[PDB]
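Working notes, beginning with the structure itself.
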Amino acid sequence: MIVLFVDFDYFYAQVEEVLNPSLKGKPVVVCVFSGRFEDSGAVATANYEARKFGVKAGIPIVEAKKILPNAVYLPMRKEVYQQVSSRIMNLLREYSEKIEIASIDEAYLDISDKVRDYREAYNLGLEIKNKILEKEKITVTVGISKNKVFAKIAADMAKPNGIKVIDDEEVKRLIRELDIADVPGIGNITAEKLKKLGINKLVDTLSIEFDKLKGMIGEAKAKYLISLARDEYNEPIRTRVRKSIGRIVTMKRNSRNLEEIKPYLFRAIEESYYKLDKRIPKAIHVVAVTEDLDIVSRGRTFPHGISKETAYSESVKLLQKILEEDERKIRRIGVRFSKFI
DNA sequence: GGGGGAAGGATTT
DNA sequence: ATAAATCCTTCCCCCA
Ligand SMILES: Nc1ncnc2c1ncn2[C@H]1C[C@H](O)[C@@H](COP(=O)(O)OP(=O)(O)OP(=O)(O)O)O1
Ligand SMILES: *[C@@H]1c2c(cc3ccc4cccc5ccc2c3c45)[C@@H](O)[C@H](O)[C@@H]1O
Ligand SMILES: [Ca+2]
Ligand SMILES: [Ca+2]
Ligand SMILES: [Ca+2]
Ligand SMILES: [Mg+2]
Numbered sequence: 001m002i003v004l005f006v007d008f009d010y011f012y013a014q015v016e017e018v019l020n021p022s023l024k025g026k027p028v029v030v031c032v033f034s035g036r037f038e039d040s041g042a043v044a045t046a047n048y049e050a051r052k053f054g055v056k057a058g059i060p061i062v063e064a065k066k067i068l069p070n071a072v073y074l075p076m077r078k079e080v081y082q083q084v085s086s087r088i089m090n091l092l093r094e095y096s097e098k099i100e101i102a103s104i105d106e107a108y109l110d111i112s113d114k115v116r117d118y119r120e121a122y123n124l125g126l127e128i129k130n131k132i133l134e135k136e137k138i139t140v141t142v143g144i145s146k147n148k149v150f151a152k153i154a155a156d157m158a159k160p161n162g163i164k165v166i167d168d169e170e171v172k173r174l175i176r177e178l179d180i181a182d183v184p185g186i187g188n189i190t191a192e193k194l195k196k197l198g199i200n201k202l203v204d205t206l207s208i209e210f211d212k213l214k215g216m217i218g219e220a221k222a223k224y225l226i227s228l229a230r231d232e233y234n235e236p237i238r239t240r241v242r243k244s245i246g247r248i249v250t251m252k253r254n255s256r257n258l259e260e261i262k263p264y265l266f267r268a269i270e271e272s273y274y275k276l277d278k279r280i281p282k283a284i285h286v287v288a289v290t291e292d293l294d295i296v297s298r299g300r301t302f303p304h305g306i307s308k309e310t311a312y313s314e315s316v317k318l319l320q321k322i323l324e325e326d327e328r329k330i331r332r333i334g335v336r337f338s339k340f341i
């Protein structure tokens with residue numbers, strides 16, 4: 001199999017640069033203003049200019065403005081970035097019917113029936129980079145390898161504006177030298193658990209007793225890494241079918257007053273049904289971020305579809321189930337629909 | 001013992 | 001101190 005993976009460079013920030021090229025070159029910071037007080041919220045992402053000084057996705061907008069007080073701060077415009085993404089994702093389809101849109105700025109292409117070797121594939125990668133740069137003025141990074149995992153790892157090594165190929169040869173090398181924490185699907189918690197087991201490279205999973213590995217990181221993960229270590233991993237590229245859709249919103253101020261939260265909750269539901277579009281959910285979940293940032297959710301499933309009206313009533317029931325089973329004040333509140341028909 | 005499915009916390013991104 | 005989704009593990013009914 002030959003898989004070409006595409007990841008848009010500092011997407012949100014870049015899109016802003018595209019709609020305002022004067023920004024090009026200066027440090028740009030896209031933020032999510034939570035409005036609980038002037039400049040509350042976080043940095044969704046920043047371009048490399050700003051990234052260069054520690055301003056990056058995740059940090060508080062306040063911290064940011066301290067390091068780069070004179071950087072361009074813009075509010076996140078998801079809808080806009082969503083539409084650009086959509087235009088680019090379509091250009092990608094021109095190159096393969098077998099495409100797997102993984103995220104708003106990531107796509108997997110199975111180009112097995114398009115090229116014969118990595119040289120051809122590499123070229124196709126450049127063709128694609130030029131197409132997107134031309135059509136949308138957006139730079140991306142291309143990762144190419146035998147499976148999705150390595151195609152992604154490739155992109156990771158090459159971004160920004162790069163392109164890399166990991167041949168069957170280097171794959172083998174990487175299975176022995178790559179820091180296992182850098183493997184897709186392995187976050188801090190798993191990486192940590194692995195370190196404790198003397199497993200720092202993929203290959204290490206082959207020399208450890210399975211059941212001991214399973215008991216630590218779980219059967220799914222254990223199998224996943226082992227298949228990678230055995231150079232046997234090779235899941236097919238598949239159309240992504242959104243299994244759940246929801247919206248979560250931060251409140252002006254903490255609270256556990258059902259009447260003070262409802263607005264946020266309903267708002268979340270509305271934004272959700274709009275996103276649902278045609279999709280009818282049978283399950284619903286309410287999620288709340290408590291004041292100490294712990295997360296609590298309560299849901300319910302129905303034997304039939306759910307009308308928006310139902311969602312409203314039912315979501316309030318769940319909100320209360322939360323409010324009564326947890327004494328902490330709520331900070332952020334959301335709803336999540338799933339099990340579509 | 002385990003299929004099957006529901007629920008809630010865990011983990012990744 | 002943003003936000004969106006999927007992934008494990010647990011509990012529970014019950015097997016014709
Ligand atoms: N709190 C956080 N801590 C660390 N990383 C974060 C945090 N919040 C978000 N991020 C990550 C997810 C962001 O939406 C992602 C953003 O941007 P982009 O401009 O595409 O990046 P990129 O190409 O370097 O990486 P990527 O595509 O993986 O997101 O950075
Ligand atoms: C959102 C959130 C938080 C922490 C992290 C940490 C590392 C991340 C790496 C890549 C992507 C990413 C996306 C969202 C994150 C990330 C990361 C928390 O601080 C916060 O409470 C949210 O869960
Ligand atoms: Ca990207
Ligand atoms: Ca990692
Ligand atoms: Ca908890
Ligand atoms: Mg990405």
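The numbering of the first sequence is the UniProt record's numbering, which starts it at 1 and goes up by one. For each residue, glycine too, the CB sits at the ideal point set by N, CA and C.
Nearest-angstrom Cβ-Cβ length linking residue i and residue j, presumed shorter than 8 Å
i           : j           : result
residue 100 : residue 238 : 5 Å
residue 335 : residue 284 : 7 Å
residue 141 : residue 162 : 5 Å
residue 201 : residue 177 : 6 Å
residue 110 : residue 1   : 7 Å
residue 319 : residue 286 : 5 Å
residue 132 : residue 138 : 5 Å
Whole-angstrom distance between residue j and residue i, CA atom to CA atom
i           : j           : result
residue 294 : residue 323 : 14 Å
residue 281 : residue 309 : 13 Å
residue 55  : residue 341 : 43 Å
residue 73  : residue 227 : 44 Å
residue 274 : residue 246 : 10 Å
residue 6   : residue 152 : 8 Å
residue 175 : residue 103 : 26 Å
residue 224 : residue 172 : 16 Å
residue 29  : residue 89  : 24 Å
residue 296 : residue 41  : 21 Å
Residue i classed as buried or exposed, judged by whether at least 16 other C-beta atoms fall within 10 angstroms
i           : result
residue 220 : exposed
residue 128 : buried
residue 98  : buried
residue 331 : buried
residue 253 : exposed
residue 187 : exposed
residue 8   : buried
residue 390 : Limits of the chain in this structure are 1 at one end and 341 at the other, which puts residue 390 out of reach.
residue 45  : buried
residue 211 : exposed
Nearest neighbour of residue i, chosen from the options [CA to CA]
i           : options              : result
residue 180 : 78, 196 and 169      : 196
residue 365 : 247, 271 and 164     : Past the edges of the chain, shown from 1 to 341, lies residue 365, and the structure says nothing about it.
residue 229 : 77, 98 and 147       : 147
residue 250 : 265, 170 and 312     : 265
residue 244 : 277, 259, 70 and 96  : 277
residue 47  : 79, 12 and 22        : 12
residue 194 : 106, 83 and 216      : 216
residue 50  : 306, 157 and 68      : 68
residue 268 : 259, 333, 40 and 257 : 333
residue 58  : 43, 78, 31 and 71    : 43
Point to revise | Every unbroken beta strand (DSSP E) within the segment 195-224, with a cutoff of 3 residues, ordered by chain | key: none
Practice item. Could you name each continuous alpha helix (DSSP H) segment of 4 residues or more that falls completely within the segment 73-108, going from the start of the chain to the end? Key: List check, alpha helix (DSSP H) in window: 78-93.
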